[PDB]
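Descriptive analysis of the structure
The primary structure of each chain is shown beneath.
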Amino acid sequence: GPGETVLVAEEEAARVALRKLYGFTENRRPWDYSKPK
Amino acid sequence: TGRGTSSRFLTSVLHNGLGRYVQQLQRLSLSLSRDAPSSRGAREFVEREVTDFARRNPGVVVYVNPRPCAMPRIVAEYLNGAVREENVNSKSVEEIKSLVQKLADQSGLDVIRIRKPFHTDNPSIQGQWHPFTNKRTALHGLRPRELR
Amino acid sequence: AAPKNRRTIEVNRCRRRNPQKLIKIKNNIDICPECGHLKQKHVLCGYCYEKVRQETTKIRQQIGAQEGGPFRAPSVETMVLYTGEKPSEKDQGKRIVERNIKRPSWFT
Amino acid sequence: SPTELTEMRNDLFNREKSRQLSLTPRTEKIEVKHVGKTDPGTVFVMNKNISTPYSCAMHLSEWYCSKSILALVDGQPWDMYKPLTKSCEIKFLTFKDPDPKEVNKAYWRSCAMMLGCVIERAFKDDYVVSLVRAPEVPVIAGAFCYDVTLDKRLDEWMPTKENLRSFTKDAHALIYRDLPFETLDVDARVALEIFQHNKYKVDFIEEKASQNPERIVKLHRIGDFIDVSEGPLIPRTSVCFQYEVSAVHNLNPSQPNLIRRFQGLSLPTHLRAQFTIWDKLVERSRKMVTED
Amino acid sequence: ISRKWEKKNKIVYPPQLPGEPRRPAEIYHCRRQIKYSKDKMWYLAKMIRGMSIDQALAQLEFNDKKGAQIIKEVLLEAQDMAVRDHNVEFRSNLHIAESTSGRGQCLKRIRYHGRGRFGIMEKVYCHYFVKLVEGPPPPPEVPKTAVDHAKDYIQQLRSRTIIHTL
Amino acid sequence: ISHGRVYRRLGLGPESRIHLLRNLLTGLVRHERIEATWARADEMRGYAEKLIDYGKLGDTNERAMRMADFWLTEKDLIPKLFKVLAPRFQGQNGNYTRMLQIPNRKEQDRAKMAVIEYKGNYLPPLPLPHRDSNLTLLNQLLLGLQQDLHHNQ
Amino acid sequence: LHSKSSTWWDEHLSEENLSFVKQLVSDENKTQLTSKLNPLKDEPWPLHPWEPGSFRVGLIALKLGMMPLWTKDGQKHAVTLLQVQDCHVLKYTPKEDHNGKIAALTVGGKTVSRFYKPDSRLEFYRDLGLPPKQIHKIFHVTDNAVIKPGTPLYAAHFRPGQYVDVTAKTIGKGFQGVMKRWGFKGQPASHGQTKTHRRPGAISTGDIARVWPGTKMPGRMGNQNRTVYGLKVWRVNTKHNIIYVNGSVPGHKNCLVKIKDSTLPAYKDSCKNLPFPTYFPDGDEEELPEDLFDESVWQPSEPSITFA
RNA sequence: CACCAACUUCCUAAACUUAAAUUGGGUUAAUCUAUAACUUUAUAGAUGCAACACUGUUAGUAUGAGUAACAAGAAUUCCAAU
Ligand SMILES: [Mg+2]
Ligand SMILES: [Mg+2]
Ligand SMILES: [Mg+2]
Ligand SMILES: [Mg+2]
Ligand SMILES: [Mg+2]
Ligand SMILES: [Mg+2]
Ligand SMILES: [Mg+2]
Ligand SMILES: [Mg+2]
Ligand SMILES: [Mg+2]
Ligand SMILES: [Mg+2]
Ligand SMILES: [Mg+2]
Ligand SMILES: [Mg+2]
Ligand SMILES: [Mg+2]
Ligand SMILES: [Mg+2]
Ligand SMILES: [Mg+2]
Ligand SMILES: [Mg+2]
Ligand SMILES: [Mg+2]
Ligand SMILES: [Mg+2]
Ligand SMILES: [Zn+2]
């Protein structure tokens, strides 16, 4: 993760990990509205 | 006139088409004079075309108000709250029908300069460029001239 | 030499609102202890001074009547006495000016 | 914990205020007459137990408000923010009066109280600081004196020059806040409850209560800090401009409990001193002061 | 001519509800046809802007300008009507919220010159307006600290966007 | 470049300056308290002090009489100078005149004004600036400092 | 008014304390000055020998006036009298912290009152233990010649036969025209000149359509720092600390001047035979005569000069 | 061994091919009248029918400019006084 200070950068890196653990990454598959079913 | 006017970004009212498409026009009002030359074309629109337009667009409520009137006027109201008013004074039937269709197709978003022809909330999939992308790392993270 | 162009209000507003042309605020204004009116620190109170001179004019007016004419100044010291006062031994041989009013408290 | 004492003491202080404020129902008008040399004969029609001498000054002009430190209600010194109680004649005292004896005492007492407030919060919460008394010293003495008893752990530590400089920094912080000197006349019982923990304060309250026919005792508050007072105090802490905590001297006969006297000097905004004059006075304020 | 400044003292607000801050009183006063230049009067009106009533009077009493006495007299009248008619409790509890000068109706006369030539002189009049607001003068202006200046600079950096692209 | 010059330029010229000053001096001797513009009163103060010195020289002095004759246009004042003012100021070596600034003139020229008088006159006392009493806060602290220094050597 | 007010030192002093304060301040000036009389007994900084290329500290003196001076050859020399009054070293900056090439010393003279001074200046002197001085000037001094701050400097620093440089502010003449400021000729008085007698002529040429920077025009003259180079020292008075300097010195009488050894190439190394750091009366190896003379000077009380 | 560069040309949509006196043609602002319309409209008939500019006319207000310039002998006990 990036940050203005080392503590801020480390804190941001913690969020980058949690996003990739809960499968909420920015490039995750888009939500599916296609189904008529 | 670009710097003398406002501008905005490309947008949709409520993510109009993501799940289902909703028509933004919700109400049309037509004011007529029963006997007035200028309202003739609007009168013919009511006789011939208003009923078909209403059936094609069942989500728009159409109000037709014949009353003593100097100029016929069309008022269009949208779901976002925008209101547009059009003078129909002495227009042919076709022009009024053509104009009425334009109101149905439009959204209430202001017609002003749009900065970009494209809007996306996910511009990147592989990561936005930053100065360290395409820079190789160094052993022990030693910056240049650092002795260690 | 005559102006080559009209001067805009934007330029003029900068000239006549420059700090150099503004009225300076004064820090030397104080209130008088005796009269309670305003004064400057280095200047005599105008209210109190106003009392003194108007009493002085009354005294000088009485002096004019006694002399009665020009070129009648005494060659001896002068003294002012108010109703209820009599010359003392030290006051002997001095011109006495008599005032109808009582001795002012501030005047001694 | 010390923070708890401030909270509980403040609560009792506020409770008494509301009780006395509620005690007076409706509005009753008292006629108070200006007896001062300036603007003579003015009569202020004030409300009983609510309006204060500062409110009377507000009617006249801002000069009265800025320059008046004390008021003479029926010949007795009154705090500018102490609510008036009955019809009377009022006169306002300033620092530059021909004989400002009463004003000098009030300024001296208030500055001593401000010394007590700084001392309490200066030390670490680990140590226990107990305020014993603020001796009444003449202004001629050259400094105002506050007596304090520190913890036995610091029984032989003496503040250095930087430590004393630190104390003045807190005092200047108090001045910048511009805190009004709140006033309460309260009966022994409540005063004892607010000061039950401090044995020194308790006995002082007993003395100052026996003195009066009733049990009324004067209480003053600066912000959270509260203290007993010998008499009227300054309206606000913004009056002080020059402030110094000169020195601390150990009272030699204090083996049972080491009492350390805190000394300092102050001057109001109205009477500022030049740089050199202030230094010379400060030096003479670093010498022991004996109450006489 | 318009005379709206005088009318402003006739506005009546509805009774305030118990749970609301007390509304400060406002008093509007003016003197219209003053034989004095508005350009000259601006400086006197400018100086007292924001000051308290007593502070404004003290400065005006020791100014040598003709307009100072005119402004002082208007200020005293405004003070009296504030307490007398507008339910202001303390005379001293007032400050100058607004003070400005305006043009009056002027008269045209002849300025004689050397060779039978003339010029059009103006006999100038001016108006003076004040609003007195109950309460202490609003706190003076506080300059930005260095940290405040730095904070604004960083916000500008953080607001940067990639321009003319997706 | 008017460095070192000890006079104001007043009136229609050097002679007019003397006559304007002489008229003020004549009024001062007669009434003992005079109002003039602050600059003119300051200009005349030096002459007022020196005139008393000539009066002290004595009645019989020829130079003093000529000086008194020139400066006092109203000739009844000359006996007053030698027999009233000079005897009064025998003890003093100087500082016979008291000059103080008065609030500016309310006459559309807003002149800076002063009051000049001879000390010891019979008129009501001027409202002079009175220094603070020793009982004030600052004075007492200084008084305490004075006592310690004096008593402790 | 809840507003700022102006104060001065006398505003709140009573008649009794008004005299006391003056005596108290005067007393402290004497105590502080006496405390600094003996520098050698107050941990003086190490004394170094003179070496070629050395520069000593200078003094600040007051300009007393002028008088005539005669030499054994009968020639008359107008001479200016410079008096050193309360000259002390105040501040030292090392070579690095001021200018890589050389170090600096600040020296002040002419004790002044403490009543109308900024607190910052008073704070500076309080730590130094001295009464305030009217003027501060900076002297470039080599490392070996550095002197501890608080050290008194005396007129015997300089010696007769030594050339010196004096710098001071020139007499201020106010706004002046081109004739007096720059010696412009002007225009003829008669023969039809219409309101042009003391005016500048043409400012420049028409081709450039502007006025060159630095063009000589009417403006304020005088009141500028100027230096006079190569003035001999004829005699020094030890009792009153008076230096006799050849010729004229910039400024008016009673004005402070800066005096330092001459920087002219001919007098490149004159400090060889002078008190190298400075002259210390505390040492008093030999008490100096009241007046020191240059050899050529004809002393008063000598026999009349006969050119035999 | 190329790239960049003009609405040149292509491309989506369209368009159908170039100083200025002069010449041909289609509309239109305003007001009145006829007949209507009835929050200011239609078809006809008319005209003192449209102004960023004539050192244009009248009025207003700026600029230069709060600039150039203008004015009362002194004190007092007071302007039909000393
Ligand atoms: Mg004329
Ligand atoms: Mg004009
Ligand atoms: Mg001069
Ligand atoms: Mg010569
Ligand atoms: Mg000059
Ligand atoms: Mg010539
Ligand atoms: Mg000529
Ligand atoms: Mg050019
Ligand atoms: Mg093309
Ligand atoms: Mg026309
Ligand atoms: Mg037009
Ligand atoms: Mg032209
Ligand atoms: Mg035109
Ligand atoms: Mg103008
Ligand atoms: Mg000009
Ligand atoms: Mg000019
Ligand atoms: Mg002029
Ligand atoms: Mg005249
Ligand atoms: Zn007064």
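Residues numbered from 1 in each chain as written, not as in the entry; some residues may be left out. Chains lettered and ligands numbered in written order. Part of a larger assembly, values for the part shown. Heavy atoms only, no water.

**Looking at the sheet that holds strand β2 (residues 43-47) of chain D**
Whenever strands of a sheet pair, they do so through backbone hydrogen bonds, lying parallel or antiparallel. Residue and element names in this part refer to chain D. Here five strands make up an open sheet; going across it, the order is β2-β1-β5-β3-β4 and the pairing mixed. In the strand order of this sheet, the two ends are held by β2 and β4 (76-78), each with one partner. Neighbour-to-neighbour, the strand axes of the sheet open up by a mean angle of 35°, direction not taken into account. (Pairing = 2+ DSSP bridges. Helix = DSSP H or I, 4+ residues; strand = E, 2+ residues; numbered from the N terminus. Axes fitted to C-alpha atoms, helices over the stretch in contact; angles between N-to-C directions.)

**With respect to the sheet that holds strand β11 (residues 240-250) of chain D**
Residues and elements named next belong to chain D. Taken together, the four strands give an open sheet; going across it, the order is β6-β7-β12-β11, and neighbouring strands pair in antiparallel fashion. Edge positions in the sheet fall to β6 (130-133) and β11, since each of these pairs with one other strand and no more. Neighbour-to-neighbour, the strand axes of the sheet open up by a mean angle of 35°, direction not taken into account. In the sheet, β6 pairs with strand β7 (residues 144-149) via three bridges, with the strands oriented antiparallel. Bridge pairing links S130 to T149 in β7.

**What about the state of the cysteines?**
For the structure on display, the rule yields zero disulfides over all chains. Note on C106 of chain E: no disulfide assigned, nearest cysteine sulfur contributed by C126 of chain E at a separation of 9.2 Å. Lacking any disulfide linkage, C87 of chain G is separated from the closest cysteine sulfur, that of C255 of chain G, by 15 Å. (Disulfide = S-S within 2.5 Å.)

**Things to note about the interface of chain C and chain F**
Each partner contributes to the interface: chain C provides 25 residues, whereas chain F provides 22 residues. Together, the buried faces of chain C and chain F total about 2100 Å²; carbon and sulfur atoms form 65% of this surface. Broken down residue by residue, the surface that chain C buries against chain F is led by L44, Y49 and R60 of chain C, which jointly contribute 29%. Taken together, the connections running from chain C to chain F amount to two salt bridges. In this structure, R88 of chain F and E77 of chain C form a salt bridge, with 3.3 Å as the shortest nitrogen-oxygen distance. Remark: the boundary between chain C and chain F carries six residue pairs in polar contact. Going through the elements one at a time, α2 (46-67) and β3 (78-82) of chain C are the ones with two or more residues in the side of chain C that touches chain F. Tallying contributions element by element places α2 of chain C first for the side of chain C that touches chain F, with 10 residues. (Contact = heavy atoms within 4.5 Å. Buried area = accessible area lost by both parts, 1.4 Å probe. Salt bridge = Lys/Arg side-chain N within 4 Å of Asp/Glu carboxyl O. Polar contact = N/O pair within 3.5 Å; in protein donor to acceptor, adjacent residues only side chain to side chain.)

**Topic: the protein's contact with RNA strand H**
In the vicinity of RNA strand H lie 33 residues, with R6, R15, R16 and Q61 of chain C together with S37 of chain E positioned nearest. Counting only atoms of RNA strand H within 4 Å of the protein, the sugar-phosphate share comes to 84%. The contact in question runs from a phosphate oxygen of RNA strand H to an N or O atom on the backbone of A70 of chain B, over 3.0 Å. Taking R53 of chain C, its side chain carries an N or O atom lying 3.2 Å from a phosphate oxygen of RNA strand H. Counting residues per element, the ones that place at least two in the surface near RNA strand H are α1 (9-16) and α2 of chain C, β3 (107-112) of chain E together with α1 (14-31) and β1 (33-37) of chain F. Among the elements that take part in the surface near RNA strand H, α2 of chain C stands out by supplying five residues, more than any other. Here the residues of the surface near RNA strand H sort into nine nonpolar, 10 polar and 14 charged. (Near = heavy atom within 4 Å. Nonpolar A, V, L, I, M, F, W, Y, C, P; charged D, E, K, R; others polar.)

**So, the pattern of salt bridges**
Residues and elements named next belong to chain E. Tallied over the entire structure, the rule returns 59 salt bridges over all chains. For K131, the salt bridge goes to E26, with nearest N and O atoms at 2.9 Å. Here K131, found in strand β5 (residues 126-134), pairs with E26, found in strand β1 (residues 26-34); they are 105 residues apart in sequence, far enough to count as distant. Taking the relative accessible area as the measure of exposure, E26 reaches 33% and is therefore partly exposed. Residue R103 is joined to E122 by a salt bridge in which the shortest nitrogen-to-oxygen separation is 2.9 Å. (Buried < 20%, exposed > 50% of the residue type's maximum accessible area, 1.4 Å probe, protein only.)

**Side note on the UniProt feature "binding site: Zn(2+)" in chain C**
Per the UniProt record, the feature "binding site: Zn(2+)" sits at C32, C35, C45 and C48 of chain C. Across 17 residues of sequence, these annotated residues stay compact in space, with a maximum C-alpha separation of 8.7 Å. With respect to the element layout, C35 of chain C can be found in the loop between β1 (29-31) and β2 (38-40). Judged by relative accessible area, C35 of chain C falls into the buried class, the value being 12%. Discounting chain neighbours no more than four positions away, the residues touching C35 of chain C are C45, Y47 and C48 of chain C together with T38 of chain D. Locating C45 of chain C in the fold gives a position in the loop between β2 and α2. On the accessibility criterion, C45 of chain C (4% relative accessible area) is buried. When residues no more than four places from it in sequence are discounted, the contact partners of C45 of chain C are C32, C35 and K39 of chain C together with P103 of chain F. (UniProt positions renumbered as here; feature names shortened; annotations may be inferred.)

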